[PDB]
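> Make a model of this:
(7 chains)
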Amino acid sequence: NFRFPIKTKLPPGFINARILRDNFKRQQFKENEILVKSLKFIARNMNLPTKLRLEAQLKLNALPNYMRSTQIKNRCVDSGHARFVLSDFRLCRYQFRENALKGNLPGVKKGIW
Amino acid sequence: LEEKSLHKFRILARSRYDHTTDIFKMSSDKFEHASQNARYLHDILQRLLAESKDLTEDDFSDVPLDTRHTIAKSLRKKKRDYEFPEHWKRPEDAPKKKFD
Amino acid sequence: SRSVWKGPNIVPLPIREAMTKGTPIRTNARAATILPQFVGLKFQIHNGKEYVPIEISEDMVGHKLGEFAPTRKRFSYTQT
Amino acid sequence: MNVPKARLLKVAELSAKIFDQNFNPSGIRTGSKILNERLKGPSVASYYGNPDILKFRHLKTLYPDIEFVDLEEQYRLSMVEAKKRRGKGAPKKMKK
Amino acid sequence: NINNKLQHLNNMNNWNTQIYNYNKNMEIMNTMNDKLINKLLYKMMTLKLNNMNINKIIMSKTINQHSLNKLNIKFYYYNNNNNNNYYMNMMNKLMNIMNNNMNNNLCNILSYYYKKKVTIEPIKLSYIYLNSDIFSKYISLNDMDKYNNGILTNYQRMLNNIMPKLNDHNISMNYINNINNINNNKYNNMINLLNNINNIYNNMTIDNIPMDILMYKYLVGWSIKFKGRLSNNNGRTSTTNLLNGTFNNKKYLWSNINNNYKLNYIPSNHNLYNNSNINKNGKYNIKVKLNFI
RNA sequence: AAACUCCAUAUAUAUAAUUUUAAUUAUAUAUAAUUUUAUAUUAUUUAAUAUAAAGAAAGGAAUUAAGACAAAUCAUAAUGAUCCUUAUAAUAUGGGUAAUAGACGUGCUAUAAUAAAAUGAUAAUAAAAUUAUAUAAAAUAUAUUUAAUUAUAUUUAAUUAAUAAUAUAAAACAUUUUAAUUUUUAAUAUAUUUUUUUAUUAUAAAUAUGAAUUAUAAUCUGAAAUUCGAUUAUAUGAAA
RNA sequence: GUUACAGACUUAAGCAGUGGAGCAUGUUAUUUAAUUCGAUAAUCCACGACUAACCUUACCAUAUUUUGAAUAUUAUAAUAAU
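Numbering: from 1, shown residues only, chains lettered A, B, ... in the order given. The structure is reproduced below:
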């Protein structure tokens, strides 16, 4: 059926296979984050019995990779680059310079000070 | 609050109450709409007032008021408590009013 | 998950059925405290390309499946 | 600190009583690190995969009279046509 | 003694996307939509009239103007008698798909992207040479073959032959003199009262001041370079510059006004852009810079 | 090129009800210097060297031209040409990028007295910066007996920022130590050095430097530190 | 291996260092299933990388996908509906 296990809309603007993978994880984890938090609280509350806790720790290990944010890497929304990615503009060491110098980024120019 | 109750409130308020300013300040950031947060603070203050104005369980007068938080806060504060010495203040040295 | 609490690592495993015949269960996961509960069987461990067959020992306890399954091969020499 | 610890804990409990405060005298992991996790979650969804754009083309169900031209698409089509012409196009996909 | 708000440009204008959001992370999202929006708007500059012609409506980069109250995304548009009057044509219809078309129009759907009041405001121009970016665009789209090989002598000449070599020194001197005269007149009127606004500066009104004070207006010197695979016989590069006029404002040289830098890297008067287009020979980038006093 | 420009500096105006308090500030603006004036030697109509005298007067940054090196990038992106479409395209799990004879470059920490370590609560003294993809203060428990420090754990005060937090800046300064160093002590007496003096007996090249390193236990983060992270305690203490 | 000027950390001073030790690195050589790829005089070498456990990731092993990330065409049937 859909390439990704669960059908997902496509990220507006620049689209990349690595971006699609990251975007897929973002969409899935966003919804699963609540469950991720629920079950982890379960496993970590000593105030409980070991078994209920274990059952949970285990399910987590079983939860699919997309159910994680550690797996989501900051990637330039415009150039699909995951290296030197400033998060203030969600860009990169180049698209920034480019956008900032060109003036695409308002109030962002050169540190002449 | 009256003496006993006044002290108990401060003991109950703890860090929220700043003894240096003698002001009890608290904030609410737990509900979607701020209106719910405003009601939360109203209830919290009413609760504190009720407990403080009733030392049946404990007066808390024996408890020394905690000011450690304000002590650390005062360390952060940077003010000048030193002023030009009054004996050094010499009006005769200062020139008198000069008419035009 | 290395701590007195949160001990230790539960990696879902066919140990149950394995505990019957003992079939070396291809536990490709290779990432779990050797379970101190069943502690005893035989399985192969994916060393990147091949799963090395090993069983359970009186040393293999906290030791994680991977610690027994070497990946990179040994170094060699210069040019001649 | 010339004050009985019991009274001190009682005060802490009193604060726990007044301001909705978790009282953990035991110090046993209450999972509160997770219980206190009320920070923004769909932050990644706020940006990144925020779904709400008009992928170029889009424009033909609302504005009908206007005969628009997507230039990049047209160029791509022309390139494909050129490839087909000079025998350098692309072998068919096995329909397996 | 002070740069009239009219003269000096606003730092806001320097930024293509004009918006401020205490919710910073949110504002990043805002600008993101702007550029992508710009691309979509751009693609919508194509035209058709039955396998006849495509009147590319030239457009300036979205000068997004976001301000709580509403959104005022704006762009300058350019395109090519007793007929256009009794029947609106494409361009006018484009204005329609923007704001004039009640709800089925753009600005409307646009609101669902910025949760505010979307008002598109294009601005027509009569001189593809007025906007540096637009200048590169037309040169990178319409011309193409006219330069793909060499720069057709007259084409090149026509390019070099636009403004009458506006003498920046003379223009600067006249403008400076006008400013001094206006200041002197106000000074004299003030002194007449120094010894009501009526006399505070009479003779100064919407006439001798609002336009004589405007500075950037005369394309003193313009440089256009065709850089990239623009040689059918030469695979190599073929950067061809067309330097014209001068690139300095003499007003700043000898007047209270001082040169300011857009984004603190390029002088306000200096405006430049390059429209990278792929030639059959290979992709190229036509950099066009205008002094515009 | 210079100049305008930005930071920075002098002054001046406006703003801040001096509780967002730093008014010794923060900015918006204006002026200011690419300093000037005068005499005396020289020179030849007027420049340099000294002297004074007026001012606060002093820097940094950005901007690196044309061209050339067919310099670097086809892995920021994009695109021509050419090559594959059941695989040079997409996904999951594990692995790898951390492998090591030797060699190079760059750092870090080092080899102790014109130098290193405890300690200093009326907290000696800062700027710049962060904090709705959060910082996380006081305390509270443990490591540990007091207490402090240091590191974790419990609960989240306040602050979404001239408000509260990271965060009491540290070096300097003071006192105490400190191997080799027999320059030491510790038992005597000795005495107008007392935290010291002196007479006598004793006190047999890596140290109390160095932390590479090796075990064990413990803690962080996250499903998950095994190849492979971080932290600490108890141990180890090569090389130099 | 040229007459004469001038410029800068160019040299001579001066201070702190590198080469010598251990470690952390980036690299070459080499190994490996793979140790992705790129820079390699000056301008390579804590350089692309502002952080490689997985993800990032590009690479290797093992399984798995084939109109797939679009755009445009050909038809059948469920979903909002003026």
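> For residue D:44, which residues are in contact?
By CB atoms under 8 Å, 6 or more residues apart in numbering or on different chains, residue D:44 lies in contact with A:26, A:29-30, A:69, A:72. C-beta coordinates here come from the backbone N, C-alpha and C atoms, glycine included.
> Now distance to RNA strand G, secondary structure and neighbour count too, for those, in JSON lines please.
Conversion of those to JSON lines gives the following (distance: CB to the nearest atom of the strand, whole Å; DSSP: H, G, I helix; E, B strand; the rest coil; neighbours: other CB atoms under 10 Å in any protein chain shown):
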{"residue": "A:26", "distance to RNA strand G": "10", "secondary structure": "helix", "neighbour count": "23"}
{"residue": "A:29", "distance to RNA strand G": "10", "secondary structure": "helix", "neighbour count": "25"}
{"residue": "A:30", "distance to RNA strand G": "15", "secondary structure": "helix", "neighbour count": "19"}
{"residue": "A:69", "distance to RNA strand G": "8", "secondary structure": "coil", "neighbour count": "16"}
{"residue": "A:72", "distance to RNA strand G": "6", "secondary structure": "coil", "neighbour count": "19"}
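> Go through those and name the one nearest chain B.
Taking CB to the nearest CB as the measure, residue A:30 is the one of those closest to chain B, at 18.5 Å.
> I'd say the closest one and residue D:41 touch.
Yes: applying CB atoms under 8 Å as the test, residue A:30 and residue D:41 come out as touching, 6.7 Å apart.
> Tell me where chain C has helices.
According to DSSP state H, chain C carries its helices in the segments C:15-21, C:65-68.
> Can you check which of the ones you listed gets nearest to RNA strand F?
Closest of those to RNA strand F is helix C:65-68, at 1.9 Å (criterion: CB to the nearest atom of the strand).
> do the closest one and chain A meet?
No: when contact is scored as CB under 8 Å from any CB of the partner chain, no part of helix C:65-68 falls within range of chain A; the minimum is 13.4 Å.
> center of chain D, which residue is that?
residue D:45 (1.9 Å; CA atoms, centre = their mean).
> residue contacts, that residue?
With contacts defined as CB under 8 Å, 6+ apart, the neighbours of residue D:45 are A:26-27, A:30.
> Please, which helix or strand holds it?
Element membership for residue D:45 (DSSP states H and E) is helix D:43-46.
> which residues sit in contact with residue E:99?
Each residue near residue E:99 by CB under 8 Å, 6+ apart is listed here: E:105-107, E:119-120.
> Most neighbours among the residues you listed, which one?
Ranked by neighbour count (other CB atoms under 10 Å in any protein chain shown), the contacts of residue E:99 have residue E:106 at the top, with 22 neighbours.
> Okay, it and chain A: tell me how far apart.
In this structure, residue E:106 and chain A are 17 Å apart, going by CB to the nearest CB, to the nearest Å.
> Return the residues in contact with that residue.
Under the criterion of CB under 8 Å, 6+ apart, the contact list for residue E:106 reads E:97-99, E:118, E:120.
> Going by residue numbers, what spans are helices in the chain?
Here I'm looking at chain A. Taking DSSP H, the helices of chain A run over residues A:17-44, A:50-62, A:95-102.
> Chain D was what I was after
Secondary structure of chain D, counting by DSSP H: helices at D:5-17, D:32-35, D:43-46, D:71-85.
> now these in JSON lines, with distance to residue E:133?
Supplementary listing: these in JSON lines, determined by distance: least, CB to CB, whole Å:
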{"stretch": "helix D:5-17", "distance to residue E:133": "63"}
{"stretch": "helix D:32-35", "distance to residue E:133": "52"}
{"stretch": "helix D:43-46", "distance to residue E:133": "31"}
{"stretch": "helix D:71-85", "distance to residue E:133": "17"}
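> Could you look over these and pick the most buried one?
The highest mean neighbour count among those belongs to helix D:43-46 (a mean of 17), with neighbours defined as mean count of other CB atoms under 10 Å in any protein chain shown.
> Around chain E, pick out the residues from chain A.
A:12-13, A:77-78, A:88-90, A:99-110, A:112.
> One more pass at 6 Å, please.
Applying CB under 6 Å from any CB of the partner chain, we find that chain A lies next to chain E at A:12-13, A:77, A:90, A:103-104, A:106-107, A:109-110, A:112.
> Among the residues you listed, which pair sits farthest apart?
Longest distance between any two of those is 34.5 Å, between A:12 and A:112; criterion CB to CB.
> who's more crowded, those two?
The neighbour count for residue A:12 versus residue A:112, taken as other CB under 10 Å, is higher for residue A:12 (21 against 8).
> In this structure that one contacts residue D:53, no?
Yes: using CB atoms under 6 Å, residue A:12 and residue D:53 qualify as a contacting pair, with a distance of 3.1 Å.
> Now the common contact residues for those two.
Taking CB atoms under 6 Å, 6 or more residues apart in numbering or on different chains as the contact definition, residue A:12 and residue D:53 share the neighbouring residues residue E:36.
> which one of the contacts of residue E:99 is nearest chain C?
residue E:106 (53.7 Å).
> ok, now how distant is the closest one from RNA strand G?
Here the criterion is CB to the nearest atom of the strand, to the nearest Å. By it, residue E:106 lies 18 Å from RNA strand G.
> now that residue: how far from residue E:48?
Going from residue E:106 to residue E:48 by CB to CB, to the nearest Å gives 18 Å.
> Let me know which of the helices of chain A is the nearest to chain B.
Checked against CB to the nearest CB, the stretch from the helices of chain A lying closest is helix A:17-44, at 16.0 Å.
> Check which helices and strands that closest one sits against.
Using 3 or more CB pairs under 6 Å, 6 or more residues apart in numbering or on different chains; DSSP states H and E as the contact criterion, the neighbours of helix A:17-44 among helices and strands are helix A:50-62, helix D:32-35.
> And those: which comes nearest chain C?
The closest approach between chain C and any of the helices and strands packed on helix A:17-44, judged by CB to the nearest CB, belongs to helix A:50-62 at 4.3 Å.
> could you check the angle helix A:17-44 makes with that closest one?
Here helix A:50-62 runs at an angle of 180 degrees relative to helix A:17-44 (axes from the mean of the first three to the mean of the last three CA atoms, to 10 degrees).
> hey, C-alpha coordinates of helix A:50-62 in PDB?
Written as PDB, here are the backbone C-alpha positions of helix A:50-62 (Å, rounded to 0.1, in the frame of the first residue of the first chain):
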ATOM      1  CA  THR A  50       7.800  -5.500  39.100                       C
ATOM      2  CA  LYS A  51       5.700  -7.400  36.600                       C
ATOM      3  CA  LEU A  52       3.300  -4.600  35.600                       C
ATOM      4  CA  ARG A  53       6.400  -2.600  35.200                       C
ATOM      5  CA  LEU A  54       8.300  -5.200  33.200                       C
ATOM      6  CA  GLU A  55       5.400  -5.800  30.900                       C
ATOM      7  CA  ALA A  56       5.700  -2.200  30.000                       C
ATOM      8  CA  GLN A  57       9.400  -1.800  29.700                       C
ATOM      9  CA  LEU A  58       9.200  -4.700  27.200                       C
ATOM     10  CA  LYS A  59       6.400  -3.300  25.100                       C
ATOM     11  CA  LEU A  60       8.500  -0.200  24.700                       C
ATOM     12  CA  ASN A  61      11.400  -2.100  23.300                       C
ATOM     13  CA  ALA A  62       8.800  -3.700  20.900                       C
END
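> Okay then, goodbye and thanks.
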